[PDB]
Structures are given as C-alpha cells and as structure tokens.
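Everything below concerns the one structure shown next.
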Amino acid sequence: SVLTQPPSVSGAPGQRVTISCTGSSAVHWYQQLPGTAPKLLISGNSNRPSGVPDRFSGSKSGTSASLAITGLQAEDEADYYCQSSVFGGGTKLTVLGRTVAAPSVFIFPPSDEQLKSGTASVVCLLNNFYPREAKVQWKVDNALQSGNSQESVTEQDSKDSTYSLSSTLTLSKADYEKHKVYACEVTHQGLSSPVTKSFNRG
Amino acid sequence: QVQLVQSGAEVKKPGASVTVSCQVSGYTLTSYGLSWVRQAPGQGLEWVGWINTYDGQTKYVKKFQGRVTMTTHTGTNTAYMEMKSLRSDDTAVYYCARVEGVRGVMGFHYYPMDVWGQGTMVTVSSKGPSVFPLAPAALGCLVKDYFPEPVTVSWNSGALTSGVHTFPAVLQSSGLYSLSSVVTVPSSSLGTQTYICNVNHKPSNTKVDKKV
Amino acid sequence: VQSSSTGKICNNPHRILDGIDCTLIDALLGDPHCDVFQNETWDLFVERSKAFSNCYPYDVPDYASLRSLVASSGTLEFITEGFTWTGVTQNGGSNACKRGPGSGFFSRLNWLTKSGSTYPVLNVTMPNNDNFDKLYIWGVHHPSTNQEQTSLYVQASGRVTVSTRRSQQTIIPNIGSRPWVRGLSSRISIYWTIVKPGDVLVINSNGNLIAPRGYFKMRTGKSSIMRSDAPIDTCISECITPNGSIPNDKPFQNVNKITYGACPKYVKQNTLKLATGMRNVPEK
Amino acid sequence: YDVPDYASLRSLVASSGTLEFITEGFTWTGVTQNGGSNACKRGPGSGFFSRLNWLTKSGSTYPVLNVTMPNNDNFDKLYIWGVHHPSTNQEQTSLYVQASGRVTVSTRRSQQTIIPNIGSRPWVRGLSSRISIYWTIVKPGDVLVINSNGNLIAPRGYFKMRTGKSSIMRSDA
Amino acid sequence: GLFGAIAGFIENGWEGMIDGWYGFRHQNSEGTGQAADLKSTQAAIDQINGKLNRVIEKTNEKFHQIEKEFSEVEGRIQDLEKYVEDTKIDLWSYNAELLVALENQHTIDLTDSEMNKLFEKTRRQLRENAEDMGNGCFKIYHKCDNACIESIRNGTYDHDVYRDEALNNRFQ
Ligand SMILES: *[C@@H]1O[C@H](CO)[C@@H](O[C@@H]2O[C@H](CO)[C@@H](O[C@@H]3O[C@H](CO[C@H]4O[C@H](CO[C@H]5O[C@H](CO)[C@@H](O)[C@H](O)[C@@H]5O[C@H]5O[C@H](CO)[C@@H](O)[C@H](O)[C@@H]5O)[C@@H](O)[C@H](O[C@H]5O[C@H](CO)[C@@H](O)[C@H](O)[C@@H]5O)[C@@H]4O)[C@@H](O)[C@H](O[C@H]4O[C@H](CO)[C@@H](O)[C@H](O)[C@@H]4O)[C@@H]3O)[C@H](O)[C@H]2NC(C)=O)[C@H](O)[C@H]1NC(C)=O
Ligand SMILES: *[C@@H]1O[C@H](CO)[C@@H](O[C@@H]2O[C@H](CO)[C@@H](O[C@@H]3O[C@H](CO[C@H]4O[C@H](CO)[C@@H](O)[C@H](O)[C@@H]4O)[C@@H](O)[C@H](O[C@H]4O[C@H](CO)[C@@H](O)[C@H](O)[C@@H]4O)[C@@H]3O)[C@H](O)[C@H]2NC(C)=O)[C@H](O)[C@H]1NC(C)=O
Ligand SMILES: *[C@@H]1O[C@H](CO)[C@@H](O[C@@H]2O[C@H](CO)[C@@H](O[C@@H]3O[C@H](CO[C@H]4O[C@H](CO)[C@@H](O)[C@H](O)[C@@H]4O)[C@@H](O)[C@H](O[C@H]4O[C@H](CO)[C@@H](O)[C@H](O)[C@@H]4O)[C@@H]3O)[C@H](O)[C@H]2NC(C)=O)[C@H](O)[C@H]1NC(C)=O
Ligand SMILES: *[C@@H]1O[C@H](CO)[C@@H](O)[C@H](O)[C@H]1NC(C)=O
Ligand SMILES: *[C@@H]1O[C@H](CO)[C@@H](O)[C@H](O)[C@H]1NC(C)=O
Ligand SMILES: *[C@@H]1O[C@H](CO)[C@@H](O)[C@H](O)[C@H]1NC(C)=O
C-alpha cells in the first residue's frame, strides 16, 4: 500500500499550506520539527488530537486525504508525514521571505586527490538566488546531463533571506578524462537567459 | 502527563546486536500497544514493528523478520526492541510510540501513535569524511563519503561566519553522505591568503583541518 | 465457517456505548472524567483497554458480579433520593478525585464525616414503593491511620449495616496502611444492595459510611458489556465480536468465542466446506 | 490449620505446577521471629511450617508491623500468609500484647483483612488453637503491604506462579 | 457414490455442459447434438439449496453471557467457567464436523442418485429399441432423427412404432 504526497512545500508565514497523501488502499498526520521526535497532529482522518491548534485540518475524498495548515508560523513548519505499515515520503515545510535577487554562479574544478580516487565529482554553485523554483542543468560538451547531479540548497538566510544551491556530479576516472569541459546554467525564474560558465581541464 | 523515556545512544559494530529500551510513565504499559519506528538520518520515517502488550503477539515488517525481537517487562513498565545481525544501514534514530488497540484488534490498523519517545540514536558503522579543497570569488571545502551524518564544518572556528553556506548532506548509491561549505571572499584576499576549514565528525572522531 | 472480520463494530441495530477511558464501574460511581456517561443507556457497553481510574482509590468486593448486573441492566439512569443525614458533614471530598480545579469525589456517592465534634449513629430508611428494583451503591471508607479515623469519624471503630426485610449486610472498616495510589493509602470498599418492589432499605452506620445519593433504575433486557478496542463504525450488523462486527449468514464462525447478538456458533475449525454440487470428474 | 477456600488455593497451586519458593527479605522490627510448636516437630525439637514465619511479641511489646515488598519481576508472586487463632485470651495476650489483633494484606488493586478470634476448638495434635491460611497474588508492577498488629503468620517469601499443563489428581494407583 | 453412476460407469463429466447438471449427448445421421435435462437438474438443485436451514434454522440470539477471558486467578469459579465454555466449544465443534461430513456424503449420494434415476428413466422409455453399452450411453437400434431424440429427452417416446425395426436390427 504505497503512500505518496507532494514534497517540499515552501512558503512564507501566515498563509495556506496543503499536503496531499493518496492512499492506495486510517491515515494519520505527524509533524516532526527539526531535531525532535515526531508529533501526531491529525488522528482518524480529519480529527485533531488534544493540544493541536484548530488551524490544522484534514479532509478525505474517496482515496485522497489532504492536510491544511492555516496561518503557519515557525513551529508549524517542519517535516510532515502521512501514515496508514507504511509512512509517506515526507514533505518539508520551509519559511519563505519576500526578497528577489539574481544568482551568482561559481564553478570549481575537481581536486587532484579527488581525481586519483576516480570519483572526479565537480560542483557548480549558485549563490543568493531567488526564488526557490530554479532548476539548474549541467552541460557535458554541450550535451544533456542527468542521473548524476545531486542538488542541495541552503535554507533562507537570517537576514539576506535568499537561497544557495550546490550541484555535484561524479563520474568514473575512465570516462571523466573523456569530456574535458562542463557548464552549469540556471533556468532561473528571475532570469530567463541561462548563465553559462565553462571550464576546460588545462 | 504521559511519557516514554528511551535509552541512551548506542554505538555498535556491524554483525553485533543492539537492545533499545522504552520506559513508559503515566499509564500502564499493558493498556496500550507499542510500535517501534526507525528514522535513518534524513531518510524519512520507517515502521519497524509492533508489540502487543498484554498478550505478547508481534508484527514485523518482512524486511525485519528474524532479526528483530520485541519484548516487554511488565514489572518495570519497560519495552525492549532487540535487533540482531546489525548492518550499516541500520544506523538510525529509533522511536517507541504508543498505539491504542491491544484487545480484539491489532491497534496499528486503526489507531495513531499519539505519544512518542525521545528516540535512541543506534549508529552501527563509522566512516571518515574525506575533505577536498574548492578553489576556482568563492572558495570552500567539499566533505565526501562519511556514513554517520552529523558533521560540522568551521573556518578557524571563529574566522568565517558570514557568506559561509553549509549545504545539507546528500545520499549516494554507496550509502555515504557528502556536503560542501563555501564562503565568498573579496577578490583581493583570495590571492593574498587562503583560509582553513575544520571538518569535525564526532562518530568517526575525525577532525581534519584543511586550507582552501 | 466465518473466519474473518471487518475490524469495526457496527453501530446498528444495537445501541453501542463506546466507553472512552471509562470502565462501567467508574461510570457507575461517577468518576469525574466519566461524567459524560451519566444517565446513559446501551445494548452493548464497549469497554476499552485504555480505560483508567482517576478518582479516590477504591475496591469492589465481588467486582465481577456488580459489573455483570450493571451491564445486564443496560442503563445508568440515576434517581436522586432525599436522604436525611443529621449531625454529619455531607459532600466530603479529596484531592485524589479532582472535579474541576478543586477537590471532589464520586458524583453518585456522599462522603459523610463528623460535624463539629460528633458523629452520631446514622439511621436512615427509604421504602421502595415503585414497581421496579432499585440498585443502591454505597461504600465503606477504610482509613490509613487511627488518627485519620478519629479525625473523620469520632468512633475508634465504625461499622456500616445496610439491610432490607429479607437480607442484611454489615461491614467493619479496617485501619491499615495500603499501597500508595494517587496520593492516598486509604481505600473505599464498594457494596451494592438491590431493593425489590415493596421492600425497605435501612442504612445504620456509626462511622466510615460512603452513603448513596440515590438509586439506579434496574432493568431487564438484551444489554451486555464487551472488552474490545475495535473502533465503532456506521453500518448494519447483527453480530458483534471483540474483533468487530461479522456477518451471520454462515452457521459457524471462528473469529471469537465472545459474541453478542444473532451470532454464528463458535467452532475450533477454521474451514468447513459444504458440497453444493456433484462429485467432480474431469476429462482425461 | 485451616484454609478458607481450600479448593481454590489447591486448584491454583496445582495449575501453577511448581513449588519454587523464593525467600524475600522481610524486615520484622520489634517482634520475635521463627516461632515454633511441639505439634510441628521438625527433628527432635519444636518447629513450624518451613514457608511461614510465626511472629510473636519481643520483650513485652508487639508493634504495628507495616512491611512492603514490590513486584519488579514479570511474573505473578504467590504469598501464603496466616492468622493465628488462639484458644484462650491468656494465650492471646501472652503471644500478642494486643487483646485483639488484626492482619491486613493488600495491594494497589485489592485488600484482605482478617480479625483473629479467640475460642476453644477440637483437640488436634495437642492444640485447641488454629492457623487460617490465606493467599495473595501480586501481579507484576504491583506492591504487597502487610499491616498487622497481632496474630500474623507472616510469609517468608513468594511462590513463583506459572501457566501450563499442570494439574492434580487423587489416585492410589 | 452408492449407485456407481457418477465416477462409476459414466466415467467422465462434461465440461462443455453449462446448461444444466444432467443432460444428453446424441450422435445420429444428422450429427452430434447436446442438451441438458432441466427436470433432474432442478430436482438435485432443490434438494441441495437448503440442507442447512433444515437443521440449523437460524442463528440463536445471545446477549448477556458468562465471562470467557480472565485477567487474574480466582480459583473454583473461574475454573468452572472455563470448563463450561470449553465443553460447549468442543461439543459444537464436533456437531459442526459431523454435520458437514453427513451432509457432504448425502449430497454426493443424492447427485449420484439423480444421475442413476435419469439413466433408468431413459432406459425404461427405450424398452426394446436400445441397449445399454455399459458406459452410460445407449445404442438405439433404429433411425432416430432429431425429432426422435427430442421425444426421448421429452419423455413422449413411442417405442411401439420402432419396435419392429429395432428388433430386426438387434436380433437379426
Ligand atoms: C480476534 O481477536 C482475538 C483477540 O485479540 C485474537 O486472538 C489472539 O490471536 C493471536 C493471533 O493468533 C494470538 O497470538 C498468538 O499467541 C500464541 C501463543 O498463544 C498463547 O498465549 C497467548 C498470550 O498469553 C499471554 O497473554 C494472556 C492474556 O494477557 C495471559 O493470560 C497469558 O498468561 C500470557 O501472559 C503473558 O504475556 C503477557 C504479554 O507479554 C504478559 O503481560 C504476562 O505477564 C505473561 O507474561 C494466549 O492469548 C493464547 O490464546 C489463549 O486464549 C485464546 C483466546 O483468544 C484461546 O484461543 C487459546 O486457546 C488460549 O486459551 C495462548 O495461550 C503465539 O505463539 C503466536 O505467535 C505466532 O507468531 C509468532 C511471530 O509473530 C511466532 O513466533 C509464533 O511461533 C506463532 O507463530 C501468536 O502471537 C493471541 O494469543 C490470541 N489471543 C489474545 C487474547 O490475544 C484473534 O486472533 C482475532 N481473530 C481474528 C480473525 O481477527
Ligand atoms: C507503612 O508502610 C508503607 C509501605 O512502606 C508506607 O507507604 C509508603 O508511604 C510513603 C509516604 O510515607 C510513600 O512515599 C511517597 O511515595 C509517592 C509515590 O512515589 C512513587 O512514585 C514516584 C513517581 O511519581 C517515584 O518517583 C517514587 O520512587 C515512587 O515509586 C511519592 O510521590 C511521595 O513523594 C512526595 O513526598 C516526598 C516526601 O519527602 C517528597 O520528597 C516528594 O517531593 C513528594 O512530595 C512519597 O515519597 C510510599 O510511596 C509508600 N509506599 C507504598 C508501597 O505504599 C506507609 O507510609 C507506612 N505507614 C506507616 C504508618 O508506617
Ligand atoms: C472447651 O471444651 C473443649 C471440649 O470439651 C475442651 O477440649 C478438651 O480439652 C481437654 C484438655 O483440657 C482434652 O483432653 C485431652 O485429650 C487428649 C486426647 O485424648 C483423646 O485421644 C486419646 C487417645 O490418644 C483417648 O485416650 C482419649 O480418650 C481422647 O479420645 C488426651 O491425650 C489428653 O490426655 C493428656 O492429659 C491428661 C490430663 O490429665 C493426662 O491424664 C494424660 O495422661 C495426657 O497427658 C487430655 O485428656 C480433650 O481432648 C478436649 N476435647 C476436645 C473435644 O477437644 C477444652 O479444654 C475446653 N476449654 C475451656 C477453656 O473450657
Ligand atoms: C437523569 O435522569 C433523572 C430522571 O430519569 C433526572 O432526574 C436527572 O436529572 C438526570 N440526570 C442527568 C445528568 O441527566
Ligand atoms: C529453591 O529455589 C530457589 C531459587 O529457584 C533457591 O534460592 C532455593 O535455595 C531453593 N531451595 C531448595 C530447598 O531447593
Ligand atoms: C415436449 O412435450 C410437450 C408435452 O407433451 C409438448 O408440448 C412439446 O411440443 C414437446 N416438444 C418440445 C418441447 O420440443
């Protein structure tokens, strides 16, 4: 009975949040604040437990349950799971700030010790880019790249209130020496035109 | 008040066995069933199994059949989960959670886990974090291939605090974690001097100080 | 043989009373967290394993008989009678039984203590001029220390005699230390008396009386009690087991030997095939 | 001796299927332990039941004994205790300074109090007095409190209760 | 299987028979044909449709009973309650087992009986014009077209109008 739900809902404090678990077969909703044990917040399928604010609500259609958080704030933002045994994938709740900025792209070539390991992973960095929705594509001798780029984004800065992404891809030494030039461009929401930065092993 | 106090952190070795205890307080252990739930570090909750207090019948995930045993001590209101033949991927926080049904039904089919324990970090592995320089502006350290997640990175421990971004670690096909820590530097300072990153890994007890 | 269950208890056609955190005896006595079960009626009282007591530590000699008869009656309808207790302090309370913010007690029991500096020989009577049995729940307070005994009841050793024309029942309270329960080493012993129509109840006590506040209206019918953690559901089913409601189309069942309603007979066999066709001889 | 509800004790002991006895540390302060009698001759001298402790007054006083043992094990504990009914008031006050003792044995859930009686009874092995045998089952996580001011035949420990295929049969085969 | 018809001299069930339980397959000059006998099938079905309501009319309605699960250990009364419930369970389990076995045996004998009854009825219609081949099939010793076969199945077969030809064919 695989449970699924839409991950990584990002939003500012004080508005709607909807998470959707589609049971493939009693679904309960748990909140795990960072560095804390999970807490039950939706019993039954729409019922709230003692001490959980009326802001949280649940709704069941024929086979799809949805958790709605209203007027969310710092403590309402956590990782949320549906349970039916099986848990859901987990959807992270992050705070969002209203400041827009352009990505700053940096490319760092792989280290020599990294090379002699054979896993010549190379990383592209995008600093202070906004908003969250910014896919980033690697160029392999001007060819499509997929299945090897791992992306990791830092949460909102305390004062800058922006995002920073690092995308690393690793490949075997037998084939790393065969490409020799790579790029990392952003399909930025703010910036229609991708920013290209290339580097040749020379 | 109702509380489930769990044991301390266990640091084991692959192939051994571990035992986690959950002391219940504020109610009678036999009035509720108890589910055990694993959370690998950053990999979402995973249901391990369920003990029916008051009659001792268990239910395990097929993944854990044979190598997990749940028991109870009614005298001390304690419940034990013992995992035999430990593996590296079992490194996780284990939670005991209270479920309601014990008589007539298996509770976890119909009831939630209303009360949770604080969790015990059973880490069965160790791997040192390989540090690589990052120079092209910006500069940093790439921490790679360490199994136990908690790893901190500083820059002289008091020097660089602004512009440093510690990207959350990521999984791998190997099962090891890797992150990066990069700071922006003035274009003048990059060539004049280089900064040093200190990568601290408590479970591996490894502290590597590396410049750029 | 019906060997599977839905896991839920259908709420029709029988009147199902889910007892949340309350046992039948706690709801009978008037445990504060059981106050929602006042005057309730049921065809089946479903008693949950999570049920607990949160009032004065008590004890029912012949607990099973009282539970059985209260369940069979099928109602908690309580009629307050005018009991005249002269020379004693009524509505005694305790901090082990916290009703609201302050101290309290069982809502259906009256803890009588000395008034001023004396505790007279209480001698009260209520006749049964109705055409139904009356159930009277009374108690005896066992103190932990002689100082507490004489501070609540001036007599060094009280006794409580509750009697009718046909039968009598006397209790001598004991003074002793007991396991700590919710802050107290003292106890209440719960006793009951059924007063038949045309009979009289006489309560004569010189100490340690937990008097009744009235009577429970006894009834006869199809009512019972069941221990089950199965959830209640909105559906129709005539046969209820602790495992939930089961269909009764099959003549036999293997789900549970505890049953309520029009249920199949319980058997040890998990399957019994009845031939509904001829003997099967395929080709070749 | 005499067992009120003898059949129930016999049935439950037989069903348990074991006589394994664990001695517990019971602290009886201000009383004389290991009382004996010539009706129960262990060896050449006087004796008593090996699993019971006959407590009498020490010096010239018999205090209100108040002892406790918790059950921190995961099995039921069977406690066999007794009440000594003396034949004469002189014997009562010579063994227990109180003119009328009582014995209350209780747990969190239930209690059981006995008032010893003083009376003459049929001569049996030289005695007109009796012992009444009572039992208490202490479930795991429970506590046993014994409060007595006289006429207590205290337990020396508990019998380990078990569940199984055990029974008892009357047969001369 | 008391009569030896089903799993006996018939030797085989017809998986192509879906119209009924019992029926005929005929081969003549026109060609092979098949039909089902509704009367025998209905007789067997009627004798099988109940067969359990006739012994256990309905579920008895029980509301308040003794306790059957106990937490603590009392002694005599708990032992008596357990003994009573165990005795009742054993007796009803035996009743269920014996009833199922008896009903299954009777159902098998019943269906075999209906098969044999159909066979004997068909033989009695075909007085001297047919011979039992021993495998549940009749050899009819005259021109028997589709109307003849349906008359046999119908029950209005007239053995007299074929008797001369049938005797001439059999005994030469
Ligand atoms: C409908 O609901 C009912 C009620 O929930 C279901 O009935 C239950 O069904 C399950 C599954 O079949 C049974 O579990 C199986 O148990 C066997 C062993 O059975 C024997 O022991 C049982 C437990 O005894 C403990 O608990 C009772 C009650 O508390 C107590 O009196 C005992 O003394 C004992 O107490 C000890 O343990 C407690 C808890 O740890 C401690 O607190 C205590 O201090 C003691 O240490 C007992 O119930 C059982 O059955 C008796 O009663 C039933 C009536 O239901 C009757 O039918 C029997 O004839 C007995 O009279 C036995 O005495 C166990 O071996 C099984 O384990 C299987 O699986 C594991 C792996 O998972 C394997 O390792 C095993 O080899 C085996 O394959 C299984 O756990 C359960 O016993 C049973 N009854 C109850 C009350 O739960 C019913 O199944 C439901 N039906 C449907 C269709 O939904
Ligand atoms: C006859 O003999 C019996 C048995 O020995 C005695 O009964 C004991 O009485 C004492 C009080 O005199 C009881 O002590 C109290 O126990 C309470 C329960 O504690 C249990 O549970 C807590 C968890 O909530 C555990 O931490 C604890 O270890 C126990 O397992 C305590 O809550 C009480 O604490 C309060 O009082 C103390 C006094 O200093 C304060 O310091 C505390 O902060 C708090 O306010 C208290 O400790 C004991 O539990 C009784 N035991 C039993 C088995 O009943 C009789 O007193 C004795 N009578 C005579 C006349 O001799
Ligand atoms: C209240 O009332 C009861 C009932 O009347 C009294 O109980 C009797 O008490 C006397 C003692 O005071 C008992 O007498 C003793 O009986 C013993 C048993 O004897 C029986 O068995 C022997 C066989 O072994 C037979 O020969 C005999 O006939 C009896 O059938 C005797 O063994 C005792 O003998 C010893 O003492 C005498 C005293 O002189 C010596 O001479 C002997 O050598 C020997 O040392 C003695 O005779 C009597 O048995 C009791 N009867 C019952 C029914 O119990 C209570 O005493 C009384 N109490 C009060 C306070 O009034
Ligand atoms: C219960 O019913 C009686 C009469 O049937 C009535 O006098 C009393 O007020 C009722 N109490 C509650 C709490 O409903
Ligand atoms: C009986 O067994 C207990 C422990 O099981 C032991 O302490 C004791 O000495 C034994 N006594 C005898 C007489 O075997
Ligand atoms: C069968 O017999 C009935 C009654 O004798 C007759 O009405 C019918 O025509 C016959 N033929 C059929 C049904 O083919």
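Letters A, B, ... mark the chains of the structure tokens in the order given; residue numbers begin at 1 per chain; ligand numbers begin at 1, in order shown.
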Neighbour list for residue 49 in chain E as JSON, numbers by chain, cut-off 10 Å, only C-alpha atoms, skip fewer than 4 positions in-chain = {"C": [276, 277], "E": [44, 45, 53]}
When you get a sec, could you note down which chain E residues fall within 8 Å of chain D, using only C-alpha atoms, as a compact mmCIF listing (two decimals) with N, CA, C and O atoms, in the first residue's frame?
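Result file is part_34.txt:
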```txt
# COMPACT_ATOMS: atom_id res chain seq x y z
N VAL E 73 -6.33 -14.62 38.74
CA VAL E 73 -6.62 -16.02 39.03
C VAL E 73 -7.49 -16.10 40.27
O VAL E 73 -7.05 -15.74 41.37
N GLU E 74 -8.73 -16.58 40.12
CA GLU E 74 -9.61 -16.72 41.27
C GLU E 74 -9.53 -18.12 41.86
O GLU E 74 -9.20 -18.29 43.04
N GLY E 75 -9.83 -19.14 41.06
CA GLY E 75 -9.91 -20.49 41.58
C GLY E 75 -11.11 -21.26 41.07
O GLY E 75 -11.22 -21.51 39.87
N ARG E 76 -12.01 -21.65 41.97
CA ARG E 76 -13.09 -22.56 41.61
C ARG E 76 -13.98 -21.99 40.52
O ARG E 76 -14.28 -22.66 39.53
```
message: Let me see if you get this right: every residue at most 7 Å from ligand 2, counting only C-alpha atoms and all ligand atoms, written as number ranges by chain.
response: C: 145, 177-180, 183, 185; D: 66-68, 143, 145
Would you work out the distance separating CA of residue 140 in chain A from CA of residue 184 in chain A, expressed in Å to one decimal?
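It comes out at 9.2 Å.
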Quick one: residues within 7 Å of ligand 6, with only C-alpha atoms and all ligand atoms, as a PyMOL selection string?
chain E and resi 150-151+154+156
Shell around residue 34 in chain A at 10 Å using only C-alpha atoms, local window under 3 positions removed, as a list in words
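Here the answer would be residues 31, 37, 38, 75, 77, 78 and 79 of chain A.
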ask   = Looking only at the backbone, which of the residues in range 49-138 of chain E does DSSP tag as strand (DSSP E or B), as a ChimeraX atom specification?
value = /E:61-62,130-132,138
Could you write out that same residue set with C-alpha atoms as a PDB file, in the first residue's frame?
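Done, and the output landed in out.pdb:
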```pdb
ATOM      1  CA  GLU E  61     -29.597 -14.702  19.659  1.00  0.00           C
ATOM      2  CA  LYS E  62     -27.433 -14.432  22.781  1.00  0.00           C
ATOM      3  CA  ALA E 130     -31.976 -49.674 -27.314  1.00  0.00           C
ATOM      4  CA  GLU E 131     -29.196 -51.458 -25.469  1.00  0.00           C
ATOM      5  CA  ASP E 132     -27.046 -50.197 -22.624  1.00  0.00           C
ATOM      6  CA  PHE E 138     -27.495 -46.190 -25.124  1.00  0.00           C
TER       7      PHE E 138
END
```
- request: Give me the residues within 6 Å of residue 12 in chain A as a PyMOL selection string, counting only C-alpha atoms and dropping any in the same chain fewer than 3 places off.
  value: chain A and resi 95-97
With N, CA, C and O atoms kept, could you save the residues just selected as an mmCIF file, in the first residue's frame?
```cif
data_model
loop_
_atom_site.group_PDB
_atom_site.id
_atom_site.type_symbol
_atom_site.label_atom_id
_atom_site.label_comp_id
_atom_site.auth_asym_id
_atom_site.auth_seq_id
_atom_site.Cartn_x
_atom_site.Cartn_y
_atom_site.Cartn_z
ATOM 1 N N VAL A 95 10.259 28.172 5.601
ATOM 2 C CA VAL A 95 9.823 29.564 5.613
ATOM 3 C C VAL A 95 10.359 30.263 4.372
ATOM 4 O O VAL A 95 11.427 29.925 3.849
ATOM 5 N N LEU A 96 9.600 31.237 3.879
ATOM 6 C CA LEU A 96 9.975 31.992 2.695
ATOM 7 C C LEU A 96 9.947 33.479 3.009
ATOM 8 O O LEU A 96 9.049 33.960 3.706
ATOM 9 N N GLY A 97 10.942 34.200 2.501
ATOM 10 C CA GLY A 97 10.993 35.642 2.627
ATOM 11 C C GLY A 97 10.789 36.289 1.272
ATOM 12 O O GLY A 97 11.080 35.694 0.233
#
```
Nearby polymer residues, ligand 3, at most 10 Å, only C-alpha atoms and all ligand atoms, as a compact mmCIF listing (two decimals) with N, CA, C and O atoms, in the first residue's frame:
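The result, written out as part01.txt:
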```txt
# COMPACT_ATOMS: atom_id res chain seq x y z
N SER D 87 -6.50 -20.13 71.54
CA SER D 87 -7.56 -20.82 72.25
C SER D 87 -8.10 -20.02 73.43
O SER D 87 -9.30 -20.08 73.72
N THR D 88 -7.24 -19.28 74.12
CA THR D 88 -7.63 -18.53 75.30
C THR D 88 -7.09 -17.11 75.22
O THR D 88 -6.09 -16.85 74.56
N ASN D 89 -7.78 -16.20 75.92
CA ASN D 89 -7.33 -14.81 75.97
C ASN D 89 -5.96 -14.70 76.61
O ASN D 89 -5.16 -13.82 76.24
N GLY D 119 -11.11 -18.59 70.82
CA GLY D 119 -12.09 -19.57 71.23
C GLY D 119 -11.48 -20.95 71.31
O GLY D 119 -10.42 -21.21 70.75
N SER D 120 -12.17 -21.84 72.03
CA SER D 120 -11.72 -23.21 72.13
C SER D 120 -12.23 -24.04 70.95
O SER D 120 -13.32 -23.81 70.44
N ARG D 121 -11.41 -24.97 70.51
CA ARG D 121 -11.67 -25.75 69.31
C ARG D 121 -11.30 -27.19 69.57
O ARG D 121 -10.70 -27.50 70.61
N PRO D 122 -11.69 -28.12 68.69
CA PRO D 122 -11.37 -29.52 68.93
C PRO D 122 -9.88 -29.76 69.07
O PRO D 122 -9.06 -29.16 68.36
N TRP D 123 -9.53 -30.63 70.00
CA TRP D 123 -8.14 -31.02 70.22
C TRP D 123 -7.59 -31.67 68.97
O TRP D 123 -8.13 -32.65 68.47
N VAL D 124 -6.50 -31.11 68.44
CA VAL D 124 -5.83 -31.67 67.27
C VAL D 124 -4.33 -31.65 67.54
O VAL D 124 -3.74 -30.57 67.65
N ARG D 125 -3.73 -32.83 67.63
CA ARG D 125 -2.29 -32.97 67.87
C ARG D 125 -1.83 -32.16 69.08
O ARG D 125 -0.70 -31.69 69.14
N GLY D 126 -2.71 -31.99 70.06
CA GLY D 126 -2.35 -31.35 71.30
C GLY D 126 -2.75 -29.90 71.45
O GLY D 126 -2.43 -29.29 72.48
N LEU D 127 -3.44 -29.32 70.47
CA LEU D 127 -3.71 -27.89 70.47
C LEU D 127 -5.19 -27.63 70.20
O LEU D 127 -5.83 -28.33 69.42
N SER D 128 -5.71 -26.60 70.86
CA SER D 128 -7.05 -26.10 70.60
C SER D 128 -7.04 -24.83 69.76
O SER D 128 -8.11 -24.30 69.46
```
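Among the candidates B:169, B:185, B:38, B:33, the one nearest to residue 119 in chain B when counting only C-alpha atoms is B:38.
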- [ ] Name the residues, by chain letter and number, that sit within 7 Å of ligand 4 using only C-alpha atoms and all ligand atoms, and give them as a ChimeraX atom specification.
- [x] /C:38-39,77-80
